[PDB]
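First chain written, first letter: the chains are A, B, C, D and E, and each begins at residue 1.
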Amino acid sequence: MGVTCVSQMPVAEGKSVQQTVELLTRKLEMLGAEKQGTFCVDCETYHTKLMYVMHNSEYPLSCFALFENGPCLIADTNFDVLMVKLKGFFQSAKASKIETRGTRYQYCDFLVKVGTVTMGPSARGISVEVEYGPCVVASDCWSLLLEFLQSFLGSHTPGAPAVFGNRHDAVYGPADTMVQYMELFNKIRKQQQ
Amino acid sequence: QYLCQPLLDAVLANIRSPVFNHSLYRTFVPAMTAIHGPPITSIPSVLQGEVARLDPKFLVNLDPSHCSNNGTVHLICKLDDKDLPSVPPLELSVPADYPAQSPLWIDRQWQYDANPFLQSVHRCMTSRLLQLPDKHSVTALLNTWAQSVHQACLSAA
Amino acid sequence: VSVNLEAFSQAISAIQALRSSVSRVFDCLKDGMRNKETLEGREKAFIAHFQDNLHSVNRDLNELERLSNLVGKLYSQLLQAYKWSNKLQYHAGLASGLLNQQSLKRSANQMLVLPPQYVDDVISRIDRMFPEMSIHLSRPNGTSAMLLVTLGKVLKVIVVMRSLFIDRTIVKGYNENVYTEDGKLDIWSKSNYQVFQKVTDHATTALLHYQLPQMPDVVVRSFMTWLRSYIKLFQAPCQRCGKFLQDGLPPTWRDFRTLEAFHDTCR
Amino acid sequence: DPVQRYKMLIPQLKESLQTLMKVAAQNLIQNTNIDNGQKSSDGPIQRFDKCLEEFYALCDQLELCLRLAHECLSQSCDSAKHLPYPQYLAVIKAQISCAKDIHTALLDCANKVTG
Amino acid sequence: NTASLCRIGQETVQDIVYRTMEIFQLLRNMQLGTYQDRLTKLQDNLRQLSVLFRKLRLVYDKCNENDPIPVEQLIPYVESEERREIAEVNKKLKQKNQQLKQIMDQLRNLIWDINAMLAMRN
């Protein structure tokens, strides 16, 4: 449960999504980040209100059920089986499977995951996720994340997701990352083009 | 400025009158003396400083020859050091107004011939002289001389 | 409150300054123009002095007005003893500071045993102050007390004492499990992150640094005072380079005696 | 009261400064117009010295009020630093005697060192 | 004898300054029964300090009674039964120190074994 920040890297106005991904991972290989594996994020929507089922690679035994403004469930992987057991009350709502695939770089307690958002065959955007391991309280280490994002994003540097905006000493949780991913995926689905 | 301007206008209007301080006295001394009571109840020494602080390697003395007790001064130094070899004495011409300018090394090419080793001393010394910053001291010249002797010992062997 | 004391003493000196500056204006005008070689030079000197004196009067008046904006609102034997007590206390504070900075003691020689109840009283006394630090003593192995000092949502420090004198410290992050499988303290672990291993190293230098020979209460109190300054991790920038991050590290060095943030590479 | 007396005395102080500077300028201009050859009206010249001492009287009132208030507030601070009235007198004679004891201990032993 | 009197005289000056520092700390803490206890501590410290001053004047007079060689002639620039007593006591506590090292090593090893064996039981 370290503080994370998820953002959309824009298209760059030219070239492929793969070339901009090559640019970002090249900058990361400059700064001293090392590859430590790959990562995948899956999101599907289920309807009778909409519910989302999401899977991270980082929490491989967990599945997250996101009710868009309601509460989040975290459960083990057998939750997927329950949806197949539901199957009449909650239809699968196909042509809305969405994934991000990429490599995860670690640079001194910073985890940077740069993925290509792929609705079916076509890749339609770049997701960038930066997790800061040690900090556990949102909006306190935010300036650290801002300097790291200003170091390698440069321009298009995001600012302050609304999950931070609940201004307390609230401990950040793993549900907030999947909330940010769900907001990003909805923005990319509405972006479409 | 504010709250003080008309005094400033009066006094700046009335400067260059020869009776000015008379006017100030007549207008100000009785008030103050009533309130406050009555009034109240050969060689330039920069070179001596350099020579007094030199390392005991160098043995700087004045030339018996040359003009003395006048503008510029002239020095014949020496070098004593077990590590370094005996070398030609070196002649320096320190100008008057010594700081803010650089002293001059009186060149004697003829004694720096007749050996390969003294030739290497001389070449290396002219090199470090070209490398020097401007308005250097005497001790910069003497230390480039000692470093030149050391490099010419090392380059030879 | 003390701010009214300081503002009143300030404005006292402001009135004295205003009065003396007005009298200085009129005294320098009494003497008249001096001689000063060059005629242009004497005119310049007189004009400059008069202008400076007038400006000083204006500044003093402005300062008095600013203090006005900021101001807020047998028996003699007792007051004499009160004044003499405050005088002796301040005198003794200054003389004690000057003398313990320069001691001439070279060796203790000329010509540890404590009840654990005393340790618990001392550490509870430290835990009563610093309301953001909670210290939880336990003794799993004998008389050597082990302390969990949690610190905000930032740190969990495991301090291993030995007869009321700090011996070892391990700094771990907030979420990190400091407990073993059996729920005892994990006295021997590291913290999976670069930052908290750096802070363990700095804490070991802190316990090597704050060493009085005999009295250990000042040692533990000063160590907790230094440790309290780490609550502004991830928020304080370095006081040498300005930035937050050098090689992906926050400024992990809170300097002793002036608790300022530095990256340890910036010493 | 001392804060409010201070607020009373501030604009009077600015008024006295204004009158003092203007009257100084008037008297100086009149004396230069006599000293240099110039005509000038005699008029209501309004002497300088009264304005100067008036300014000094206002500064005395200000410093008086502020020294009083500062003594009062420092007094209250050390009084709070240190419920039947005989209990008050008991702890007061206790404090006076204790401070006397510290003072005589220091004096007697600093004299016991030499002389 | 006298060359230990110099050591005692140095130690007295080192103690006087430390004792004045402790006196100033006592005067720092004194807040207007523990009143009387601080009074007793202050008076006793002042008594011991006056004793130290008298002892210091004694040691000064003794060493100043008992010089033909000026200093700076004493520094080396570049260019009998008591010795046997010293060698005897040196050999004696050489053996004593080696036996103390063996005792200390066995205690260290026993402590390490106890901690290892008790650490593994959980």
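Heads up, the rule we're going with is that contacts are C-beta pairs under 8 Å (C-beta built on N, C-alpha and C of every residue); 3 or more make two chains touch, one makes a residue touch a chain.
A quick map from chain label to UniProt name: A = Mediator of RNA polymerase II transcription subunit 20; C = Mediator of RNA polymerase II transcription subunit 27.
The chain pair B-C and the chain pair B-D differ in C-beta contact count, and the higher one is B-D. Chain centres here are Cα means. That of subunit A falls 68 Å from that of subunit E.
Computed from the mean C-alpha positions, the centre of subunit B lies at a distance of 55 Å from the centre of subunit E.
One inter-chain figure worth recording: subunit C and subunit D are separated by 35 Å, centre to centre, where each centre is the mean of the chain's CA atoms.
Rounded to a whole number, the gap between the C-alpha centres of subunit C and subunit E is 34 angstrom.
The residues of subunit E that reach two or more other chains are 27, 30, 32, listed in rising order. Shared interface positions of subunit C, defined as residues touching 2 or more other chains, are 26, 57, 61, 81, 85, 88. Residues of subunit D found to touch two or more other chains are 14, 17, 24, 52, 56, 82, 95, 99, 102. Chain pairs that touch, as defined above: A-C, B-C, B-D, C-D, C-E, D-E.
Considering their complex, residues 3-7, 9-11, 13-14, 17, 19-20, 22-24, 26-28, 30-31, 34-35 of subunit B touch subunit D. By the touch criterion stated above, subunit D contacts subunit C in their complex at residues 2-3, 6-7, 10, 13-14, 17, 20, 24, 52, 55-56, 59, 62-63, 66-67, 69-70, 73-75, 77-79, 82, 92, 95-96, 99-100, 102-103. Against subunit B, in their complex, subunit D makes its touches with residues 14, 17-18, 21-22, 24-29, 31-32, 35-36, 48-49, 52-53, 56.
Subunit D contributes residues 82, 95, 98-99, 101-102, 105-106, 109, 112-114 to its touches with subunit E in the complex. Residues 1-4, 7-8, 11-12, 15-16, 20-21, 24-25, 28-29, 31-32, 36 of subunit B touch subunit C in their complex.
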